Structures are given as structure tokens and as C-alpha cells.
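First, one chain by itself: the form deposited without this ligand, in C-alpha cells.
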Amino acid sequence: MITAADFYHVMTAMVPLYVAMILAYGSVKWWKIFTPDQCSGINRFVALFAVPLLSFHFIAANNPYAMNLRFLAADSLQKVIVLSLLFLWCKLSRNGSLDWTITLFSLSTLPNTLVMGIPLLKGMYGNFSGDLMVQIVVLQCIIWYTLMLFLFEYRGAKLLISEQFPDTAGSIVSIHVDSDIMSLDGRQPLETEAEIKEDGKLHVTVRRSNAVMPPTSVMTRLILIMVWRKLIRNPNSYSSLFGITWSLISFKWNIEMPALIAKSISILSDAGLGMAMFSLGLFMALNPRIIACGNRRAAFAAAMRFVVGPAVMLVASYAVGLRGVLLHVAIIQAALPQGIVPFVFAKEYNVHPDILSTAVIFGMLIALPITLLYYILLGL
């Protein structure tokens, strides 16, 4: 159990991550090295080059034929218990919305396992425990972050039709979107247009301007078009596509990647862990305050993450049948701080961009004294 020898292995893994962040926060706030237009070029390098190449490195060295299917089915059961109690609020009550059910699912069930999670668990329980964290990253990239593009695109395509077709929208038979438009929130004018056919059935065409509900076979084609257009423009979907594809070929016929290719990838992916933390300290220096939303809600964004998160996974991991040390890994990976990728979605689409801003930043600062309190209490 907890000797003082383990407390030094945990600090060797985590103190390097805060040193990279406070030199970035110091650089803009205290010593003014970077202009705010120069910070925008460092965040754009990390988001497009360093982090997509870091997750290719982890996914392509995973063995998909030896995954731990009992550990990995207790994490899929967490996000069904959560997402099914948010369906029973939106339907029995009158004050439930759809903006709040996207926020309360991402503040409960989506932690930061790629950057903080793999170094932390591997220093606490060994090298098997940092291989279980790669298998969770495979499921977040390929399943759970694609159900949250379906929810943001359905939320945007309903604020357009119900706003411009308030008394007529039951007769729309086809919706066509022009290829110049990617996202149909309010950024462009979005001149929509209807063609009345011979029966009285409308034929909607969304154009970009210059200077009841529709049937469920019509809304389901509008969304699949627009989910597709934002999924090929995303760097983190090629990192997941080619990572799983190489991993199925390598571990069946025992093919190693050659040394020209494995060093061409590793020259930029070694820059990935250190500048993912450097870029997160440039974010907290460009916000006006750290607690950005107010004290009433910052105490609510940190109680969904560190209390409701690891309590709905104690129920899910005991029903499947995990015991011993795998139960202790699974309750400590749920108390990690808030991930970064849900913070990118809430900034683009403006759905609480401040509650998800003070959960990434203020969650990193208080996450260690809270993941160390579970580890001294589980191994009691």
C-alpha cells in the first residue's frame, strides 16, 4: 500500500506537467513575452499537429485482440445510466432543456485521459494501468465524441427550422444545404428558400445570402449531411482511422513498423505532451479571471466532476463484477479533471462556454489533492 515510496513516483509523473504550465501563464501575465496574436499561433500548432500525432502514437500501439472487455463494459455502462436520467428530466419536467443536457453529460463523464490520465495512472499502479487508459481513449475518440457532434448539429438544425418555419414546417419534404456552408448557426446570413410544388409540399434550400416539426425522415438526412462535413475537416478523425487500421494489421501477422516511418512520426509526437500543457497555460492567462462564471456555478461544475462522476461509476463497476485493483483504477480515472475536447465544442457552438472554461482550468489546479485523496483512501 501507500509507502512514501509511492508518493515519490506520483510526484515524478505530475510535477513536470505543472512546470510546463506556469511558465506559460507567467509569460503573458507577468513577464510579457507573448502578444495575444502570438499566443494564437502556438495554440493552433498544438491543436492541429502535436495532439493528433500524440494520439496516433498511443492507438497504433494498442492490441485490439487483447482488450479487457469487463473493464471496458463498466465504462460504457456509466454513460448509459447518466444519459438515461437526462432523458427522464427533459420529458417529465418543463424546465429541462437541450442546452443543459449537453453540458451535464460532459461534465460528468468525459475526463482528460490523454494528457493527464496516462502519466498519472501509470505512476500509481504500474504499466498495465497505463494500457488500460489507452483502451478508454480509443472509445472516446471513436464513439463518445461522435455522439456529441450529433447532439450539437441537431441542436443547431432545430433552432433554424423552428425559427423560420413556425407555422408551416410540417409540409417540408426535402432540405438541401449548399456546399459553401459548414455550420448553420449565426455567422453568415443564411437565406433560406422554399419551392412550392404541385401538391403544396415545400422543398427547402438553404443558400448563403449576399450583402410542429418536419417528418423524422427529413430531419435525419439534414443532420447526416452536416455531421459528415465537420468530420472530414477534423484532424482527430484521421488519427483514429489510421491508428486502428494499422493496429489490426500489426498485431495479427506480427508486422513491425519500419524505422524510417516510426521516427518521422516520433519527431513531432515527442513535442505533444509538453506543449499540450504549455498551451493550456496560455488559455488561463488570456481569460480575465480564473473562476470565470461566478462562485455559484463553479462549485457546481466541480461537484459534477469529482463527486457525481466517481459515484455513478462505483455503481456501474460493481454491477459488472470488477473487484480488487481494477475497481480502484476505475474510480480514479473518473475523478480526473475536465477534458479539452468538450471545451472546443462549447466554444464553437456557444453552449455554456464559461462553465466548461472554469472546469478545464480550475479543474487542473485542484485535481491532484483530490485524486491523491482517493488513492490514500482506497488503499486503506
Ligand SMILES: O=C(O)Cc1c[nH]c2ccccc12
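Residue indices: 1-based, along the sequence shown.
Heads up, the form deposited with this ligand bound isn't pictured, but that's what we're talking about next.
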The binding site of the unliganded chain, tested against this ligand placed in the bound PDB entry and superimposed by local C-alphas, with a 2.4 Å cutoff to backbone or C-beta atoms and a three-atom threshold, is open
Using a 4.5 Å heavy atom cut-off, indicate which stretch of 96 to 104, 274 to 282, 255 to 263, 300 to 308 touches this ligand in the bound PDB entry.
274 to 282
Just one of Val341, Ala316, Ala335, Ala60 has a heavy atom within 4.5 angstroms of this ligand in the bound PDB entry, so which one?
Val341
May I ask you to choose, among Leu202, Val115, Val134, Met124, the residue with a heavy atom within 4.5 Å of this ligand in the bound PDB entry?
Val115
May I ask you to state whether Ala330 is within 4.5 Å of this ligand in the bound PDB entry, using heavy atom distances?
no
Wondering, does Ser250 line up within 4.5 Å of this ligand in the bound PDB entry on heavy atoms?
no
is_contact(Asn236, this ligand) in the bound PDB entry, heavy atom dist at most 4.5 Å
yes
